[PDB]
Amino acid sequence: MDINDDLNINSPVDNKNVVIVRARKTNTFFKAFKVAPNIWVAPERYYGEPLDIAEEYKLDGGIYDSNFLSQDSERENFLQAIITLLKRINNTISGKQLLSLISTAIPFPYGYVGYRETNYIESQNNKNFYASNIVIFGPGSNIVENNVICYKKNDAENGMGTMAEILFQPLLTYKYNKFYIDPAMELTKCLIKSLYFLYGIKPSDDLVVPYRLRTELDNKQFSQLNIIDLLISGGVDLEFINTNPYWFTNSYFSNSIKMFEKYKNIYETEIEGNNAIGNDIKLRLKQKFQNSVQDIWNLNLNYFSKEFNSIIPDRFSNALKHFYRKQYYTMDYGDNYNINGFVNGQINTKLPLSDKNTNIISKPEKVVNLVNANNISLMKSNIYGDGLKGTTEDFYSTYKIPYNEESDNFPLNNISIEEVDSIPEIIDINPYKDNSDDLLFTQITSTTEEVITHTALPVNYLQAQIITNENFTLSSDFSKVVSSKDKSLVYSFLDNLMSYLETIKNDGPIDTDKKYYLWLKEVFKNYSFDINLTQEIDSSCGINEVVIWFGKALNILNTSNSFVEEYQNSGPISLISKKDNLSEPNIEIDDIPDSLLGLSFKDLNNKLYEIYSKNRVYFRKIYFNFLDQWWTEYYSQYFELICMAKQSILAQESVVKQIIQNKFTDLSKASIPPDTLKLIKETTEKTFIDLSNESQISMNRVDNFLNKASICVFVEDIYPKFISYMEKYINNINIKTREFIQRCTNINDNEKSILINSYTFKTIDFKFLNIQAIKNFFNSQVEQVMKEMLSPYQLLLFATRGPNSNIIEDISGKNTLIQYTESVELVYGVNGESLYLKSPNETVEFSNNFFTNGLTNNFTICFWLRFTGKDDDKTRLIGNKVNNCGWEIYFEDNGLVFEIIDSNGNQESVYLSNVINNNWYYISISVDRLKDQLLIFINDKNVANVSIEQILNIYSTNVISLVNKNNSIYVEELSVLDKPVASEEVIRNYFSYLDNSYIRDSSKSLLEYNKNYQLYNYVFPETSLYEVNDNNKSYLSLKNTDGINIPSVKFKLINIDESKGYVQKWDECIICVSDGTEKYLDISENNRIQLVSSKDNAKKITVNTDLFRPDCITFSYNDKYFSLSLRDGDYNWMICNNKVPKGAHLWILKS
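Numbering-wise, the sequence shown is residues 1 to 113, 149 to 441, 449 to 1126, 1128 to 1180, 1183 to 1196 according to the entry's author numbering.
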């Protein structure tokens, strides 16, 4: 929105939106572009950070490059890059709100010996003055180095605020596992930081909390992380310090709220409404103060990861440099990146690696040299540092958990954007001369250990799965791979991929597309056997879905003959390298009040409860400290494995893909036709992709598994230790609480008796272990945002009759394009609005990249359908049958036909009987390419399973088309899954859409009041209910001697509420029949239903229904439901009786 899109890098200096201004107070000056109110861009290197720095000084994982941002093309790219990320941040309610606080968050001005501001730029005539809160630069020394620099450090600390400089790198991004991180999200991180600088609450440099324990190292050593980054980081880690209660604290918060107030007050008292002052400023101050310190603190990347839909790491985000060999991709705006986000999502958008990846510094914390018995180097493996400050030493020891105990969810909604975009530009700035400090380069060295080892490490195993040889074969013997003189071996635990590959070793060539598809299929299905091969087991800590290959990949408990049995053996604890890291907490001194010594019973009673209060609260505090250490010292190690195991599956995938690439590189040279290959190729790209889908699944198994084990160790290993410490504290407390009560002069013998007993502490006082909320730690915002982007729905079709308008969208959150006739109307269907096609040419086309299907993709199509369909001849209905490939559902004979076909002409067509009646039918087709198996489910029964093992390449268009010629069709809740389906979910999904509290007809359509339905019993299906006179009246029967002269009966429901349209369960009703008059139903003293012509005789029956039978209701009275009388005339009379068979409970209203 309010972002200036306008400037090319080549816009000249105009003294308005394009200035050349002085950097601090130096005899340096740089070029700048106003993108917004008080927000500028400096599309060149940061000035106060040398460009070619000394090698002795280059840090690990930097890319240093003096020729970066040197060029104009880049300077432009970048200028355009920033503007872009800024606009992408603006299509976001929350982020536009953020940026508006940034616009309006001016640093407070200095006063009378009228008002003089800190937040500005001087020009190089030094007489023109431009307001600025933010300036976004290119990188300083290192080019993957992001950052926020204070203009006047002390102004940033004192409650005042100061201009902020951002160094940014928008031209590179990196992968996190299997998806690319979103650079806009990283800018946001920085904007967030500068609010502290604009507010004047930058936390003191030594307000740092422990982050991760350094167990690559020989002693107890902590990586520590400044409070500010912890908060703005969000993710899992602050969930250990943001606890209720807060266990850790500091002068900074209390003081931050203090000095905020003073500065809020100076505004209130002096600045607001002073007519020497002026609106460009005082208005913005009002706006700076409509937000609190507290708001800015509880603001961070969580709330935005949801809002942007970025996955960005949630565990150990700050120390990733240790866990991750980060990889760098070149960034194209605005083609792969829109005001939308990466066009294609974080997952698909496929970016180019950057040439700079090589210049990336590798200064390992240590180098693991794997040497054999003869002490020769086999392979040397690097172990990287996280970057952070180090101990030294122990924090948990040193920090005294304060004796003194002194919600929300979303942070910037206070800020009204009408209100903000109304305030006139600050134009008259009166400069405070001394607005800036002189700046500082710090620089430092790395020192790296070599270690010799005869013991292969996980870090070695990992290294063993990357390819040395352009020509190569797999192997499961680590040493065989290392000791390849070749070295053409590469380690692999894909035991079956190799098993199959070794068996086809000596066969004929790949010449048919048929022979290739076969192979690719087996390859792929083999990789799936392998990579997600697992087994569930019993620990005390739950059932745990164990990764069967885990041992063989990182070489942990691989020392057995079998991994899985040995995790059983040793415990979750067995998997990590440092197991004794826990460190007694510093707790609180020994006095209960002295002026309680002389109070009497009922007063001392309720103030010993004050002691008890603070105590039970303070136990929680200790607990928290312990948890933090679990995480810090133990989970961190479980994560150590996680990333390794994760990298491992990805390495494995990559073997395969190259194996596959080299098989098409074989394909042909060939007999095969030019355009034939275009397909084999598209297909394999589709298959290469299918593998990745599969690989995610493996990474999740490793995640449940290792995360579980992580908590397994909290329950079994850390917790019992908490118990020991805690009764030490309480037994000791109890000594001293006994001795206080007897020091009491003013309490009686019965006060001594019952206060001793009343206020003592025992073992159940500190049993806090909640394993579920421990497990809840892990579903961070990101791991939730992840849930969704990877979900099996490629489409779920919503539609609403919107504000005088018709919205037909896709709730799945993918590509899925809906292209249709404007003439398509929406009618209530099963549970929401059903697509109504009048049946003419009226066609709707769904569009999604997935829908092209291919060789190895599994997928399910479900949808509701009601069909006013007609003739005996075959008619296309829904399908992606492109020129004789793929699949279609036809109309034919009295049902539907599922036809499914490959590029070779092989087919299983499958006739589904009973569909063309217009009763609603929930069709589910599940095609499993993994198991070669076609399942079809109509409503809640599975109607078919069929072998498709003769079916090959079903590759078609990216469009699944719903046609509906001649025959109006009702379609609702149309879905496409990328998983094949089990009957359980069929039953689950059937009854989900299906129970809404409303009642139905036997066409599964909605039941409304006042409609002429026929009634039948569940017991007697197609014998119509009828009337007959025999005993003093007119009765209700069914004719089981057909043509003993009774004819078909007409029902209608009627309501006490004149307005009410549609029938609901636990509703009240009057049953009517059309005979001679309106006949109203009545239960007699024989409890036999009989038709009366008398309004107040009519019974007020309650309607209810069966939750397993979709189309069925019941009619009843006060616990006596309506059923069918014994076979009688033959006549079966309507009875309200408690002694006949229960299977006559069920009534279908069919119109």
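Note that beta-carbon positions come from the ideal geometry of N, C-alpha and C, so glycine has one too.
1) In whole angstroms, what separates the C-alpha of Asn383 from that of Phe214?
2) Considering just the uninterrupted stretch of the alpha helix (DSSP H) at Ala595, what are its terminal residues?
3) Taking 8 Å as the threshold, find out whether the segment 707-720 comes into contact with the segment 752-766 through three or more Cβ pairs.
4) Alpha carbon to alpha carbon, how far is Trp591 from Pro614? Give it in angstroms, no decimals.
5) DSSP on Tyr419, reduced to helix/strand/coil?
6) Going by DSSP in three states, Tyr1058 sits in which element: helix, strand or coil?
7) Compute the Euclidean distance between the alpha carbons of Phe892 and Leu1036, then round it to the nearest angstrom.
8) What three-state label does DSSP hand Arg249 in the structure shown?
9) Under a Cβ-count criterion, where at least 16 other Cβ atoms within 10 Å of its own Cβ denotes burial, should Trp906 be classed as buried or exposed?
10) Whose CA, out of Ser847, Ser397 and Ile965, lies closest to the CA of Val1018?
11) With H, G and I counted as helix, E and B as strand and the rest as coil, what does DSSP make of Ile156?
12) First and last residue of the alpha helix (DSSP H) that includes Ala815?
13) In the structure shown, what three-state DSSP assignment does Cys185 receive?
14) So for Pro1022, helix, strand or coil by DSSP?
15) Output the distance between the C-alpha atoms of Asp791 and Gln784, rounded to the nearest integer angstrom.
16) May I have the straight-line CA-CA distance separating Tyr963 from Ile980, to the nearest angstrom?
17) Below 8 Å, can you find three or more Cβ-Cβ pairs linking the segment 63-82 to the segment 31-49?
18) Only counting the same chain, and skipping five residues up and downstream in sequence, which positions put a Cβ closer than 6 Å to that of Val589?
19) Note the first and the last residue of the continuous beta strand (DSSP E) segment covering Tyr165.
20) Could you pull the start and end residues of the alpha helix (DSSP H) that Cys685 belongs to?
21) When the distance is taken between beta carbons, is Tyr1012 closer than 8 Å to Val869?
22) Roughly how many whole angstroms lie between the Cα atoms of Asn812 and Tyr431?
23) How many Å lie between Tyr1077 and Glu1069 at the Cα?
24) Since I believe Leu837 is in contact with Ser865 (beta carbons under 8 Å), could you give me their beta-carbon distance rounded to a whole number of angstroms?
25) Applying the 10 Å Cβ sphere with the 16-neighbour rule, what's the burial state of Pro12?
26) State the DSSP-derived secondary structure class of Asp970, mapped to helix, strand or coil.
27) In the DSSP output, which residue or residues are listed as bridge partners for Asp852?
28) Taking C-beta to C-beta, are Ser881 and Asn1008 nearer than 8 Å?
29) Helix, strand or coil for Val462, going by three-state DSSP, please let me know.
30) By DSSP, does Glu49 sit in helix, in strand, or in coil?
31) For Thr427 versus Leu562, is the C-beta spacing smaller than 8 Å?
32) I want to know whether the segment 194-210 touches the segment 254-267 - three or more CB-CB distances under 8 Å.
33) Ordered along the chain, which non-local residues of its own chain (more than five positions away) have a Cβ less than 6 Å from that of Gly422?
34) For residue 118 and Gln826, what's the separation of their Cα atoms in angstroms?
35) I need the straight-line Cα distance from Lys778 to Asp632, nearest angstrom please.
36) For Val183 and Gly376, I'd like the C-alpha separation in whole angstroms.
This is what the structure gives:
1) 8 Å
2) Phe592 to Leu596
3) no
4) 16 Å
5) coil
6) strand
7) One C-alpha to the other measures close to 28 Å.
8) For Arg249, the secondary structure class from DSSP, reduced to helix, strand or coil, is coil.
9) Label assigned to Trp906: buried.
10) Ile965
11) strand
12) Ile813 to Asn818
13) strand
14) coil
15) 10 Å
16) If you take the alpha carbons of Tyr963 and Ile980, they lie about 6 Å apart.
17) At 8 Å Cβ cutoff, the stretches touch.
18) Excluding residues within five positions, the ones whose Cβ falls inside 6 Å are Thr576, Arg743, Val744 and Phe747.
19) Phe164 to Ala166 is the extent of the beta strand (DSSP E) around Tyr165.
20) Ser678 to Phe706
21) yes
22) Inter-residue distance for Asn812 and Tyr431 is about 22 Å (C-alpha atoms, whole angstroms).
23) 5 Å
24) Their Cβ separation, rounded to whole angstroms, is 22 Å, which puts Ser865 and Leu837 out of contact at 8 Å.
25) exposed
26) If DSSP states are grouped into helix, strand and coil, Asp970 belongs with the strands.
27) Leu839
28) yes
29) helix
30) coil
31) no
32) no
33) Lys356
34) Because residue 118 lies between 113 and 149, and the chain jumps straight from the first to the second, it has no atoms in this structure.
35) 8 Å
36) 24 Å
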